[PDB]
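Two forms, one chain: they're shown below as structure tokens, one block per form, named structure 1 and structure 2.
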Structure 1
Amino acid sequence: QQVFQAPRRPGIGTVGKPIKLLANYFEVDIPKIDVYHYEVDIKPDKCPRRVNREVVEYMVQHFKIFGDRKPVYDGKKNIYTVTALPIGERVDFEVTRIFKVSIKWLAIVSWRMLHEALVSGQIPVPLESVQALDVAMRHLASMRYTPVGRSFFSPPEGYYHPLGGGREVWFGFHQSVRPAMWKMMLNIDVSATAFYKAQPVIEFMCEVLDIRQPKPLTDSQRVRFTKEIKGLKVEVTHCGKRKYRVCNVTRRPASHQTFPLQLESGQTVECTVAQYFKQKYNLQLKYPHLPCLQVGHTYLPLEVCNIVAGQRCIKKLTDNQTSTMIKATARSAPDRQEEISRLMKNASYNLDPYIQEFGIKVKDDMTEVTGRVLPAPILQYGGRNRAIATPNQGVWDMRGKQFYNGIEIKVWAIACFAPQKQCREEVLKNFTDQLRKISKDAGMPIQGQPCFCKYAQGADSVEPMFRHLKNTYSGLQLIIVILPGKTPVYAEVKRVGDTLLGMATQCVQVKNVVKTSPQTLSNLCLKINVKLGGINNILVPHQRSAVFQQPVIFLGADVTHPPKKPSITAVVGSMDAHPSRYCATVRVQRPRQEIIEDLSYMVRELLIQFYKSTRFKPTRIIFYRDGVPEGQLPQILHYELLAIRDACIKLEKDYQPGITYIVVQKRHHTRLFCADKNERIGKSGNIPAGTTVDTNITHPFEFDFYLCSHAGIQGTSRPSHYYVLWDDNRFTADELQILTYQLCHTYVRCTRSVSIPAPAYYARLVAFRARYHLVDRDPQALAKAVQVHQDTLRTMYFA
């Protein structure tokens, strides 16, 4: 039961250059009628939704209970009809496989009430009415395609995008219905996800093992193959195709794996899989040296199995697979716009008989919305120049500029973990020469040559070397670590540097040492300066929100879930009034838990550090929360607002700073496109950085907005969505939109406006770093692993 009401929208923004946009939201007209909600209970109880749908489809065809109605169904418990069914609780006995089915009336759901919420803004949006509409509009798609979350996919036709390792890309679309002012909106986007190829198990095995001289699998090969195929469904081909789920792969080859077979004589014998296939099916195995799949002592030789079609790949993709998939699926904004428009035409929503049954109509053109391009802030640099930077198309640079507070680097070391042959002494010297030149220009002078420069190999060499360095070189400020590509050395450098010894480290791939770029070296300096306590730039102070007239702390929070492994929570807090410098807190928690369990304590730590750093108690807390699943906003808000308040009260009983709580979401399918082709930016043709929308496609009365704060480089930009779930601070829409945009210009790792505010982005980096610190059991040990060293606690080690 929600008790913290989200703020109503205080108004719409008026600041910024108007820009005409199109959104992939299509207006939906609904009849102002009652719809009838029935519960369906199917026994057996835990069949796949696709099986449940088959059952209800059978019943609807065979029991016209239903009359001439066309019910819609969610594949679970919920059926809806446009007029009442001629019943009171009805029990059915279906043979399609025998099912016991019961149906009973549950509710009347009002679309008149839904309409009233959308037009008047005087009542809550009735979620039960929205659900009925969502179910009706996706019913037919759910019968035709393969549903995956809120998307639909179908087998590749006319295209083929293998990812290697027995996986391929399927294209489809996302569909959702959302309330807006005046009308419901149908959100449609194209999508793509990885599925396992429908192919023989032997072929899947060869892809997974990178097999192009028949011999048994090595122990390594078998464990590898097992991890990939365990949990997948296979179908057999020797019986003319029964499906099974794979629970293991046998240690023994088919030639030697036995099971107990009872003979006619009553005696039970240990029969091998190969012998059994020969006698029972007259099947001589071609690969008896390969193991068997254990399914359901049921063992299947690999060669009688195929991977069942339509299985989405849930496991993480390799870097190559991920790169391949991004390539195959990237689309410019105008191309995506056309694909969506084309999809809508081919879909003919208005000709769907369920949509017709429920009197629904869908507009076939994208919704027009006038957005505004917010002004970008000016950044203030330091040095003798005291230069300013004026972002242009979301970007600026360091030319002629020096850091606001640049650190002088007097004592530094180099540790090269790439082989000396691939990174010679003269090459290291050219690298350091160029870096010192760039660092000087940036106002972060590296005074001399390194105190120490050594070659090493293997993760095991890191701690001995770093301990030596810490002990031998007083006042050591930095170790630059050269790495030979992707390596376990990185995780160990960060474990030892961040958690064990508390020493600043900056890693660099050998490829960027061998061939240097001024841009790459300049970017390295942005990180080094901040890691060593400096400030790269600040927002020009007089052009900020009035919240800066009193002490204010900005917090960013994120939660990361495992692909056993814990979930990781991270909260960062600003430590100055700029805001530029941040400190981080991080914890491990129960896997898949979405609420930040330890939020109160983490906030308390950050408030305490803010006081130490500034000598002020914050009178306002501005909290940007990333990682929140759609649908769970009320629950996360309830517990976390209380946890932030708890932190305050525990510091001092009457401490009640004004809290603004904002959810940041990039994982949605709202896309915005320039309506005037003339205003598109770059090759990708995206909306300009700063494009903001708070009308037409946003909530009918709550306080949410889209802001695409970044320049789109590739594909179609995702505009970040911001939901203001609490605001004690009385922000105007312009004020809070502008503040959010300015914070996207304070992110230290690049001279660009990034897609989410720096505090949220930092929390993401802190959580990701904890995953490296955890690279290697009991909960106590895991918690210790992510605790950074005392000398690291107060630093931006996550930059």
Structure 2
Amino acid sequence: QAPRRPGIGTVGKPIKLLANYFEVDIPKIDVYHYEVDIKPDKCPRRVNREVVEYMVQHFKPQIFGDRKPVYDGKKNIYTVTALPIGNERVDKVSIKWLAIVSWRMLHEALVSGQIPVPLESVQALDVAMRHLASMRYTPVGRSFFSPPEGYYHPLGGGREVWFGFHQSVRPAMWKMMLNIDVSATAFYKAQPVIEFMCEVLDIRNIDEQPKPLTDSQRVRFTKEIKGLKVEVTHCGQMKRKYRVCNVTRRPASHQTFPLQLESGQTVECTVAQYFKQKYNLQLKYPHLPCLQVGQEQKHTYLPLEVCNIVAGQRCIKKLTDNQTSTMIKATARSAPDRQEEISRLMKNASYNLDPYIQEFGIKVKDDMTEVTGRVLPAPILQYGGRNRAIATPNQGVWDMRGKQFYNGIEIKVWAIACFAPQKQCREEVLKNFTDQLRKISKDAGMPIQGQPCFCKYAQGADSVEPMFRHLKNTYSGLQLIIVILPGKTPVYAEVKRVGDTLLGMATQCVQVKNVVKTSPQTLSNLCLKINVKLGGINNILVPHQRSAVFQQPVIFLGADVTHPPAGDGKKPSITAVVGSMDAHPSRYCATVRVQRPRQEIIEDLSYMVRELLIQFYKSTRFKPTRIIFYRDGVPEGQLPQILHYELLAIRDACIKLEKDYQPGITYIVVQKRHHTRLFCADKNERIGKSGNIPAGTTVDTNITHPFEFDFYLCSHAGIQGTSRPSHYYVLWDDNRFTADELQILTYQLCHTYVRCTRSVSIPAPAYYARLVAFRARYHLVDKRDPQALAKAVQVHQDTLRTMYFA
């Protein structure tokens, strides 16, 4: 149980909106919940649905009547009236009654408040409404897809775009709502394994050179196919499927396995020879490796040429850079375009004609729910210099033109390390970028004075550490190294490992293409990062517009955790907590840890908060009387456990610091990872080419929680596609914020982000936490272990208190 919504907000200008939420009308009835268990039970959900379907259609007069039950594909089945089964395990499948779920109770929860929304009742409603979809389409998380028909969008690397939709049912202010959004995700093309391989290795003619793969080629191919299912072609249309657990180092020609004889003895056989003796198949590519499938001890190896990628597998592995861009061009669409697609999808699903939805007397509205939101007023920013200019945000954006940093750092001692080849970045071009940067930096109050003390060309990652060591040895007062990089490169991680964690030196990296073509905007943005890295302040919130929380010392924290990529289970999850270090709030310090893979709870949270509080005290000489904690979204089903642990840890950090130190805690989870979309009802209110809602629009009624304290705030200007409004859930509040105070404060924090003169989509602290976690992933790049991983992530004392993550 979270705190109750204290009231609704009154600040700002009302704006009429439409939300991809569709009203659901449920009957006030009892539904009946049965358990099904099937043997074997390691089987995919699509199989179980087949079994249950076969069962329903066949055993009508015996044990089903003419009812239309609904099934989740696993263990749960629901019916609108009781089955003539009583209380009996009927029989490879059995059914036995479990419980009654009350939709009457769910209705009352929504208009009363006094009990938590009953999740078993919501679950039964969801299963019922997605039952037909689950048979017609391929289910993926809470979404549905079908194979490309009438379109084709390959991504490269054996991947392609499938279009589909997200569907979920959620309790809202007075009613259950159906949330529908259009969606698109990457799937693997169903094609032979050899063609998959050629795509991922960029081989244009596999018959050109019949020689084994290089080690790099095999490694690259391996990371790509590991975990996928494949099916075999050499058996008479049997087409047995397997999962890939590895790719052999040896060609099929050289790969051996113990061949078991009828007697039970074993002889050594090669894969190539086996396929000849057994299937009378002489391999075309005995130089290519095999797929190891099944257990890593059952020695089962498949030559590539007898294998196809199984149709219909989603790509969980991360997309590359092109891949991602390619996908966005095919999938993104303006707010109005998306708005039409949702509505068309909605009109074309005909939910009220779904005979399952009818069986349960459920009704859904055809039209997007209308909602009134409010556009919050944007805070003004205070700049420095002799004019002390103000910036007034306009549609979520302002600029540095005519403005000096609130506190600008003078830069007299700085170096250039150019890791791009000299021919691609010659001294004259380098001097040109340098001259430009200096003019711009001087205009911003952060003058880079004179010539660099050191400017040298190098190549490769291995050269970073010796050069940086020399630099630290020779210029112990070096303020900055500008590192020039040739595109994406392993030296970046090396520069950050060496500068952030080994030696404690500030570095600002810049792509050579940006050095070669100096745009004013780009150089100006570089100054923003450089100034704070060197301990400057770019701007502050004009102080009089702040929350009453600033009457006393207050600290703002942001927290995030990043998990290792799919496949990786070895690599750790990373936890990051940042905290404000002044009263503006502008400057932040960071803490970071490594922990058990996949754990969402921030395990060292108490330790981490304690460090931040101690550092806050060192810097301001006050103890905060309040702690405002912004937590990145977690999985809904785990957040009671998350909250219980983390709220206690934060409390513990205070308690373990000093007797009688009890600051008030506000704990807010921020979620961008959801499918709620908001559109202007009035065409004329749409902003930009993308036609999105204005930066600052806030919604805290109608589509939000029926009794708890949550709101949507779209803090940023929509540049492309359809904006995602961030969702804020208040899980704890000792500080008794009113709605306005907390919505305004959250919005203001989106204007304190140092890396751009724009309101960003989440508060600065939460955003910095993400950056910090991402930087630590670079520190771990390696090119006893648990103690070694913790050390790799610990940054040097000389940068530990700086904003190295900007």
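We call the rigid core whatever largest set of C-alpha positions still superposes within 1.5 Å between the two forms. Residue numbering: sequential along structure 1, first residue numbered 1.
Position that moves between the two structures after core superposition, taken from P688, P291, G497, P377, with Cα shift of 2 Å or more: Comparing both forms, the shifted residue turns out to be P291.
Once the two forms are fit on the core, has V663 moved its CA by at least 2 Å between the two structures? The answer is no; the displacement is under 2 Å.
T218: Cα shift of 2 Å or greater between the two structures (core-aligned): Comparing the forms between the two structures, which are aligned on their rigid core, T218 does shift its C-alpha by 2 Å or more.
Core-superposed C-alpha of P253 shifting 2 Å or more between the two structures: Yes.
When the rigid core is overlaid, by how much has the CA of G75 moved between the two structures, in Å to one decimal? For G75, the alpha-carbon shift amounts to 0.6 Å.
Superpose on the rigid core and then read off how far the CA of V273 has moved between the two structures, in Å. C-alpha displacement of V273 between the two structures: 5.3 Å.
How many Å does the Cα of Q199 travel between the two structures when the structures are matched on their rigid core? A shift of 1.7 Å at the C-alpha.
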